[PDB]
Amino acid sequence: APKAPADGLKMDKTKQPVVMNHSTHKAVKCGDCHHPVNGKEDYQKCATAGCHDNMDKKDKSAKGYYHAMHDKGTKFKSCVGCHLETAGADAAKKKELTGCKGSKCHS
């Protein structure tokens, strides 16, 4: 079984890099993020070629990297989509977990 990596992982495909900590995400099944592809949970980097490798932030296809991290209504919850549900009606948590600036994702 693949093991979770160390905390402090940088996601740095873009000029707005974000740190991923697995320890804060333990309530989440591995395969909700490392989702099935062709019937098997895929643990490759999300922007691997053929995966979310389209760096146009307007793209909404299954290759759009921005889309996979930010949008609602996706087949697997995105960073922002899950965080919106987590924050609920709490505006402080909305700023912390979903704010586009001054949040725990983006300074």
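We number the residues from 1 along the sequence you see.
Quick one: say whether 69-77 or 23-31 has the higher mean Cα B-factor in the deposited entry.
Stretch with the higher mean C-alpha B-factor: 23-31.
Of 2-10 and 98-106, the one with larger mean CA B-factor
Taking the mean C-alpha B-factor of 98-106 and of 2-10, the larger value falls to 2-10.
Determine, from the deposited record, the chain-internal third of the Cα B-factor for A62: lowest, middle or highest.
For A62, the deposited C-alpha B-factor lands in the highest third.
Would you mind ranking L84 by its C-alpha B-factor against the rest of the chain and naming the third, lowest, middle or highest?
It belongs to the highest third of the chain when residues are ordered by C-alpha B-factor.
Would you mind checking where the Cα B-factor of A92 ranks among the modelled residues of its chain, as the lowest, middle or highest third?
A92: CA B-factor falls in the middle third of its chain.
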